[PDB]
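Encoded as C-alpha cells, the structure appears first; notes follow it.
What follows is calculated from the coordinates using simple rules that are stated; it is not laboratory data. Here the Cβ positions follow ideal geometry from the backbone for every residue, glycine too, while neighbour counts run over all protein chains shown.
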Amino acid sequence: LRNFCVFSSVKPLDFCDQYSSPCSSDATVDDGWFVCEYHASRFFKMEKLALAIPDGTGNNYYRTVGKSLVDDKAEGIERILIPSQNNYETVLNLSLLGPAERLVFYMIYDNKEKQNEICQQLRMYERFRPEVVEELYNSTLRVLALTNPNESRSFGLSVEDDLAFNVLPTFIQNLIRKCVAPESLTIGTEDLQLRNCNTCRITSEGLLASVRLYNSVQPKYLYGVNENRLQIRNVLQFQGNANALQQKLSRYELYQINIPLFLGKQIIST
Amino acid sequence: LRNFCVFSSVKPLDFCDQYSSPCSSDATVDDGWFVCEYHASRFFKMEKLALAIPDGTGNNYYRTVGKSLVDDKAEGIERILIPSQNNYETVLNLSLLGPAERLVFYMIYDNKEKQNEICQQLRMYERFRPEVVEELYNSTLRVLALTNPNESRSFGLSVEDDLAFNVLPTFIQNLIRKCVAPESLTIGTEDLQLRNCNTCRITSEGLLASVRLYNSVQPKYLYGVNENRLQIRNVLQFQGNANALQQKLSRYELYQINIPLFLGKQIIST
Amino acid sequence: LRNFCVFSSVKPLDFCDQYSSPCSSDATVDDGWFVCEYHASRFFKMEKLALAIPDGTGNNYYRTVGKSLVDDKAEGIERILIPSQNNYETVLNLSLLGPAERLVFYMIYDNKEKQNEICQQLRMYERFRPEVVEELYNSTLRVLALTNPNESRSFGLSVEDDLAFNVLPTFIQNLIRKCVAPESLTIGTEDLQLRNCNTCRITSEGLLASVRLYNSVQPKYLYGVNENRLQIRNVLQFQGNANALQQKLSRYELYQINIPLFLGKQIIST
C-alpha cells in the first residue's frame, strides 16, 4: 500500500480526469494510524508527534502520540477529539459531507444498514465510471483489514473507562491506542513515568480533551481564514518595548506549550 | 556411500522434483559419526573437532571430539547433549518433527513397535511415489548396519556410568564413543593426560554437559534470529576505550574458550 | 496472489535452498476454491469440473463442481469428502502430518489454542531461517481473508442439514459452496433441473459421499503404487474376444461414469 490513509480512496465520483488526493506527505508511511496528518487534523483535530524511549546502549524505541489542536476556550462537542459511534454523525457532520466520505465514515464505524443504503443509492453514478463504489469499497475494506487483531494497555483506573473503550469500533480502538500515549510505561523491568497527570479522557462519547490546558499550537493544515470579511472582537495586547516584554529571553530554548495526549498505562512484553 | 549422514535419506514424501538435503559438506567423509555436522548441531547440540596425537617420527593419529554448544545458562533438559531411550522423545520433540525424521529416530533408538506403526501409517503416501518408505527404510538400515560391532574405553570410575552406557542403543553408543574424547589416553606404552578434568557426564538420561563451563562459541549452523521481533532483556556492557578494554592484547594468539567433551580413559592396542 | 492454494505456503522449515511446491497448474487461477486440484485430491478426495449454463444468445456462465474420488467399496470415514471440525483431526491424520501442514489445518478450522501452541513450539526453528512461522502465518491469514463474506443456497429440505452447514468454519463453508453444485438452479426467471437426485450429503461430520454410486474415475494425482510388493486378492475378469466384449461399441461416444457432487438448490439474483 503506497497510501495508508483510509480517506485517500475518496475521489470525485462524477469526473476524475486529473485529481490529486489532499493527503499529506506522511500518508505513505505505515505508522499504524492509517489516517494521514491532514485528515487527522481535519476530522479528529489532532497532529502526530514522535516519542523516543532510550535503552542505555544507544538505541531508541519510537512511538506515536497525538497532539491536541483543541483550544482551552472550546466547549462541549468542540472538545471531542475522536467521536464514538453514539454521536459520530453529529460531531463529524456527516449530512454535510460528500457521499464517498460519508460511506467511508459509515464503514469505519460499522453501520451495515447505512453502508448498504449508501451503496444502493450510489449505483446511479456507475453511468459515469464503472468503479464509483467498487474500488472505493475494496480500498476501504483492505485498509480496515489491517486494523483487525504480553503487551497490555489500560486507559484509566475506573471500570467505566474500560467499558467506554471496548464498545468502540476496531478502527477507532486502533486509532485511540496509537494516538494516546501512556502516563506510565512499564518497559522490560522498569517503569518510566512519562507524565504524572493526564490530558485526555475516554467516555461514552469517545476520546475528549477533558483538561482545559492552554494550547499555543499553530495548525499547519487549518490556518486558512477569509481576510475579506470584517471581524470585530475584543482581545488583549501587551504595551511595552523589548525591556518590558523581555524579548531578550527569547534567545533561550523555548518550551513548547502544547497538549500531547497522555492517559493510562502500557506494558511492553520482552 | 556418498553421504554417511543417517538423516540424509529424509526427503519430502509428498513431492520431490528438486530437493537438496540440508547436510553440510562434512557428510561425505566417513569419520565414524554417521551424522553430519549440521544435523549433529541441530539435534545433539555439538560440533566436530579434530585431535592430533604425535608419535615422535612425524606422523599424527587423528581423532574426533565433540564440541559442546550448550551455554552455562542452560538448565535441565537444555543441558542434555545426547538423550537416552528413556527421554529421547521428549528431548528431541518427536511429535513436532515430520514422519520421516520421526521414523529415523525410532529406528535409531530401536523402537520396533513405533517403527511398525509409522510404517503402516505411512503407506497412504505410496500413492504419490512408490518409494516413500522402502528407500528410506533401506538407507537407514544400511547406515545403522555399519555401526554394529585390545582397545578399551571406560567412561568413569563408577559402576553406574558403565550401566548407563551399556543400556544405550548401538548407534547412540557409537556416537558417544566417537564424540567423547578420553581424559587420559594410554597409547602404546605411554599415558597422555589430555585433560585432568571432565566436561561431560553419562547418566540414565544420556550424555549431558554436566559441568557449567563458560561457552563463547558461535554456532555456524544455528545463528538465525528474527530481527523483526523486539527483544527486551538486560545485559552487561563495558565502558572504556581501547586502553580500558586492552584491545591491543588482541594482537596475541587467542585462547579459545570452548567446551570439548572429555570423559573416561582409552586404551589403544598395538 | 500468483498462487491461491492455501497449502502453497507450506515449505520445509529446516532448509529451503531449492524447493518447489507440489501445487498443480490450476493453483494460479482464482476459481474460488483456494485449494489446488492436487491438494484437494490429496486431502478432500475430489477433483474439479466445469459446468456451463447457456443463456440463449451464445454466452456461457461457468461454475465449479466437485468430482468425487470415493469408490463404492469405501466404508465409514473413507467416504468422508470434507471433514468437519468435530472429526477433522482423525480423518486428516494431523498427528502424522508435518508441523506446517498441521498449523495450516488448525488455522483453517479456527482452533486458536492449537494455533498458539504450534506457533510457540515452532519458535526453535527460527534459528535456521527467521521466517519459519511469520511468512507462513501471514500467507495463510491473507488466503483465509479472501474467504470472509439476492443469491441463495440451500443444502437440503431438512433443518438438520442447515444446522450442519452453518456450524462449519468459513473456509470449509466456502469450499463446500464452491465444490457442491445444486440439483436445481433457479437462474433469472427459470429453473434448470441439473439433476433430480443427489450424490452427496452434509451431516454433523461434514460433507460425505453418502450415495454408494459406482465410480470408474482414474485419479491423475493419486495413481502411485508400489510394484515391488506382491498383492494377492481375488478380482473378476471377462472371457471372450471383441465379439463377446462388444469392443466395436467403443467407437461411440463414451458416457463417463463419475460422481459429481449435487445437492440442494441455488438462486442466482439478476
Need the failing condition index for B:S216 against (1) over 29 Å from B:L92 (Cα atoms); (2) away from every other protein chain (no Cβ under 14 Å); (3) of a type in the set (S, T, N, Q), just the number.
(1)
Taking only segment C:114-147 into account, find how many residues are of a type in the set (A, V, I, L, M) and within 14 Å of chain B (Cβ to nearest Cβ).
6
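Does C:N111 fit the bill of being surrounded by fewer than 17 Cβ atoms within 10 Å (Cβ to Cβ) and not small (G, A, S)?
Spelling it out, it is not the case that C:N111 is surrounded by fewer than 17 Cβ atoms within 10 Å (Cβ to Cβ) and not small (G, A, S).
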Checking the condition buried (at least 16 other Cβ atoms within 10 Å of the Cβ), aliphatic (A, V, I, L, M) and in contact with a strand residue (DSSP E or B) (Cβ under 6 Å, 6 or more places away or on another chain), which residue from C:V104, C:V91, C:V70, C:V133 passes?
C:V91
Those residues that are outside any loop (DSSP other than H, G, I, E, B) and hydrophobic (A, V, I, L, M, F, W, C), I need them from segment A:181-200; list them, please.
A:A181, A:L185, A:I187, A:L192
So which of B:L1, B:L51, B:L97 ends up being surrounded by 17 or more Cβ atoms within 10 Å (Cβ to Cβ) and either more than 19 Å from C:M124 (Cβ to Cβ) or hydrophobic (A, V, I, L, M, F, W, C) (or both)?
B:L97
Is one or more of the residues making up segment C:188-200 farther than 30 Å from B:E134 by Cβ, in contact with a helix residue (DSSP H, G or I) (Cβ under 7 Å, 6 or more places away or on another chain), loosely packed, with under 10 Cβ neighbours inside 10 Å and of a type in the set (D, E, K, R)?
no
Top-ranked residue in segment C:132-180 [being part of a loop (DSSP other than H, G, I, E, B) and hydroxyl-bearing (S, T, Y); ranked as farthest from the chain's Cα centre (by Cα)]
C:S158
Please count how many residues of segment C:48-71 are among the acidic types (D, E) and within 14 Å of chain B (Cβ to nearest Cβ).
1
Looking at C:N150, C:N166, C:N174, can you tell me which residue is within 14 Å of another protein chain (Cβ to nearest Cβ) and either of a type in the set (S, T, Y) or farther than 17 Å from C:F262 by Cβ (or both)?
C:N150
Among strands (runs of 3 or more DSSP E) entirely within segment C:1-120, at least 1 residues that are of a type in the set (D, E) occur in C:46-54
Looking at segment B:73-88, which of its residues are aliphatic (A, V, I, L, M) and surrounded by 14 or more Cβ atoms within 10 Å (Cβ to Cβ)?
B:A74, B:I80, B:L81, B:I82
Selection within segment B:22-44 - buried (at least 21 other Cβ atoms within 10 Å of the Cβ) and at positive phi:
B:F34
Please indicate, with yes or no, whether at least one residue in segment B:245-257 is at negative phi, in contact with a strand residue (DSSP E or B) (Cβ under 8 Å, 6 or more places away or on another chain), surrounded by fewer than 17 Cβ atoms within 10 Å (Cβ to Cβ) and in a loop (DSSP other than H, G, I, E, B).
no
Residue, farthest from B:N86 (Cα to Cα), within segment B:201-215, restricted to residues that are in a loop (DSSP other than H, G, I, E, B) and hydrophobic (A, V, I, L, M, F, W, C)
B:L213
Kindly list, by first and then second residue, each pair from a residue in segment B:48-60 that is under 21 Å from B:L175 (Cβ atoms) to a residue that is among the polar types (S, T, N, Q), limited to pairs with Cβ atoms under 7 Å and residues at least 6 apart or on different chains.
B:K48/B:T64; B:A50/B:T64
State whether one or more residues within segment C:25-32 are hydroxyl-bearing (S, T, Y) and within 14 Å of another protein chain (Cβ to nearest Cβ).
yes
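What are the residues in segment C:216-244 that are hydrophobic (A, V, I, L, M, F, W, C), surrounded by 10 or more Cβ atoms within 10 Å (Cβ to Cβ) and in a loop (DSSP other than H, G, I, E, B), if any?
C:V217, C:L222, C:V225
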Sole residue being of a type in the set (A, V, I, L, M, F, W, C) and under 30 Å from C:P54 (Cβ atoms), chosen from C:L208, C:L213, C:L222
C:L213
Does C:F44 fit the bill of being more than 14 Å from chain B (Cβ to nearest Cβ) and over 19 Å from C:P260 (Cβ atoms)?
no
